[PDB]
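J.: before the rest arrives, take these chain(s) from the complex:
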Amino acid sequence: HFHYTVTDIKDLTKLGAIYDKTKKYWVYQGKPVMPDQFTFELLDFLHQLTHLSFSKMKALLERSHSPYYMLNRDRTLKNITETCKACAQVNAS
Amino acid sequence: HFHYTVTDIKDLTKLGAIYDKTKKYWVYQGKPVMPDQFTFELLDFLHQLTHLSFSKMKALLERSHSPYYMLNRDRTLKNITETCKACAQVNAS
């Protein structure tokens, strides 16, 4: 199941998400919430296999029928794509 | 070695390339010329592995230290990227 940090729980309380004891996770906009770290590890993994830019990954994810709300998705995605060495090497050309 | 079609040979003579009997290929600007068909099969293979845009593949090839002159490169490259189903599916976003 999901593991929420103090910072996650903090972000979630700010969003106004609610913890669901029955289903063993937090819920927001009607979806189970993906923790910040889980989201990072997932998006980082997906970028390594495709090296799609920020705009392409974002737009694809919104069409994905994802059952999850990804905490700090955009911020995490922007950080992943802008610090990718291989992509930096590509546009260096 | 390379296999040149009548149309390749046509393009090459117009370019002023020369056949090198010792090396079994045509030479131009100090570089062996890659036939139109070999160029297509190579660039298409490389795109399938990366799905880099026209601009990205072009800029990279210019930095590649490739020992070969690629016959009809841009034309072949633009066609490959503009007819890619996967890239079209990506940009559908």
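T.: Okay, I see it. Numbering: from 1, shown residues only, chains lettered A, B, ... in the order given.
J.: next up, the contacts around the closest residue to residue A:4 other than its chain neighbours.
T.: Using Cβ to Cβ, 6 or more residues apart in numbering or on different chains and skipping residues adjacent in sequence, the residue nearest residue A:4 is residue A:35, 5.4 Å away. Every residue, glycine included, has its C-beta placed from N, CA and C. Taking Cβ atoms under 8 Å, 6 or more residues apart in numbering or on different chains as the contact definition, residue A:35 lies against A:2-5, A:8, A:71.
J.: do you know how far residue A:35 is from chain B?
T.: Taking Cβ to the nearest Cβ, to the nearest Å as the criterion, residue A:35 is separated from chain B by 25 Å.
J.: got the phi and psi for that residue?
T.: In this entry, residue A:35 is assigned phi and psi values of phi -60, psi 160 (degrees, to the nearest 10).
J.: from the contacts of residue A:35, pick the one nearest chain B.
T.: Sorting these by distance to chain B puts residue A:71 at the head of the list, at 22.0 Å, by Cβ to the nearest Cβ.
J.: how many other residues sit next to the nearest residue to that closest one once chain neighbours are set aside?
T.: The shortest distance from residue A:71 to any residue that is not its chain neighbour, by Cβ to Cβ, 6+ apart, is 4.8 Å, and that residue is residue A:36. Summarising burial for residue A:36: neighbours were counted as other Cβ atoms under 10 Å in any protein chain shown, giving 20.
J.: can you pull the contacts of residue A:36?
T.: Under the contact definition (Cβ under 8 Å, 6+ apart), the residues listed for residue A:36 are A:5, A:7-8, A:11, A:71-72, A:76.
J.: returning to what we had before: of the contacts of residue A:35 - the most surrounded one?
T.: In terms of neighbours by other Cβ under 10 Å, the contacts of residue A:35 top out with residue A:71 at 26 neighbours.
J.: next one is chain C, place it on the structure:
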Amino acid sequence: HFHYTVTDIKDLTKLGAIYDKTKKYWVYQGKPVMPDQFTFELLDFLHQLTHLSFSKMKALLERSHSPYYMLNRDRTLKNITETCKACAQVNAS
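T.: Following on from the chains above, chain C is added here:
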């Protein structure tokens, strides 16, 4: 939404899946079922972006937390990888 063929419905009835008239799709193992053709074009898209082998795509999908049941996934997946030209070119070496 999903379009189910005669062949989908026969496979689904054979599985013992059940149709949800209210929610306008078939359900199996607690999941809405993705038709055979929709599954193919999706899995085909994912291979073009990664060119992962049969075994690797299978294992990854089983870990995917997919909200959909993919009809004839394994059979379709094998068809995709074994007819992929780019991968055929890769192992040709």
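J.: flag every residue of chain A that's near chain C.
T.: A:49-50, A:65, A:67-68 (Cβ under 8 Å from any Cβ of the partner chain).
J.: show me the helices in chain A, by range?
T.: In chain A, the helices defined using DSSP state H lie at A:6-15, A:36-50, A:54-62, A:73-82, A:85-91.
J.: just the buried members of the residues of chain A next to chain C?
T.: Applying 16 or more other Cβ atoms under 10 Å in any protein chain shown to these, the neighbour count classes A:50, A:68 as buried.
J.: of the residues of chain A next to chain C, list those near chain B.
T.: Among the residues of chain A next to chain C, the ones lying near chain B by Cβ under 8 Å from any Cβ are residue A:50.
J.: what about residue A:85, distance to residue B:50?
T.: 16 Å (Cβ to Cβ, to the nearest Å).
J.: no wait, residue A:46
T.: The span separating residue A:46 from residue B:50 equals 16 Å under the rule Cβ to Cβ.
J.: could you do residue A:41 as well?
T.: Distance, residue A:41 to residue B:50, using Cβ to Cβ: 24 Å.
J.: so which residue of chain A comes closest to chain C?
T.: When distances are taken as Cβ to the nearest Cβ, chain A reaches nearest to chain C at residue A:67, 4.6 Å away.
J.: got phi/psi on that residue?
T.: According to degrees, to the nearest 10, the main-chain angles of residue A:67 amount to phi -80, psi 0.
J.: for it, which non-adjacent residue is spatially closest?
T.: residue C:67 (4.6 Å).
J.: now swap in residue A:44 and tell me
T.: With sequence-adjacent residues excluded and distances taken as Cβ to Cβ, 6+ apart, residue A:44 is closest to residue A:80, at 5.3 Å.
J.: also put chain D on there:
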Amino acid sequence: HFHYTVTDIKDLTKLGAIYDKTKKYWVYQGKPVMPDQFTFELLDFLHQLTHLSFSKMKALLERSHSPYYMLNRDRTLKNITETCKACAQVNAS
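T.: Below is chain D, added to the chains above:
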């Protein structure tokens, strides 16, 4: 241009490579030798774009007709593939 370390020069002499003072680089099997570190950063870049296994990258490079001889290619290549996070994540499933 190329920078050769003492370790490169040592490895090269063992290979029976030859230094060309006039063109100020080493030559081996009729090809200019790319230093160990340049070879690493190039091969690492290519793996990030493809994540091909050791055996496939190797077989492909042998068919590539690269204009450079890559110092310690196989050893460097195996190191690249066995320390890749994305590939490690893939078989983890």
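J.: near chain D, which residues of chain A?
T.: So chain A meets chain D at A:45, A:48-49, A:51, A:85-86, A:89-90 (Cβ under 8 Å from any Cβ).
J.: just the buried ones among the residues you listed, please.
T.: For the residues of chain A next to chain D, burial is judged from neighbour counts taken by 16+ other Cβ under 10 Å, and it is met by A:45, A:48-49, A:51, A:89-90.
J.: with those in mind, which one is nearest to chain B?
T.: Nearest to chain B, judged by Cβ to the nearest Cβ, of these is residue A:90 at 5.9 Å.
J.: which residues touch the closest one?
T.: Going by Cβ under 8 Å, 6+ apart, the list of residues near residue A:90 reads A:51, B:52, B:56, B:60, D:49.
J.: and for residue A:42?
T.: Counting by Cβ under 8 Å, 6+ apart, residue A:42 makes contact with residue A:34.
J.: in chain A, which residue sits closest to chain B?
T.: Checked against chain B (Cβ to the nearest Cβ), the nearest residue in chain A is residue A:59, 3.3 Å away.
J.: list the contacts of that residue.
T.: The neighbours of residue A:59, taking Cβ under 8 Å, 6+ apart as the test, are residue B:93.
J.: between the buried ones among the residues of chain A next to chain D, which is nearest chain D?
T.: Using Cβ to the nearest Cβ, residue A:48 comes nearest to chain D of these, at 3.9 Å.
J.: that closest one reaches residue D:51, doesn't it?
T.: Yes: judged on Cβ atoms under 8 Å, residue A:48 makes contact with residue D:51 at a distance of 7.3 Å.
J.: what do the two both touch?
T.: Residues touching both residue A:48 and residue D:51 (Cβ under 8 Å, 6+ apart): residue D:86.
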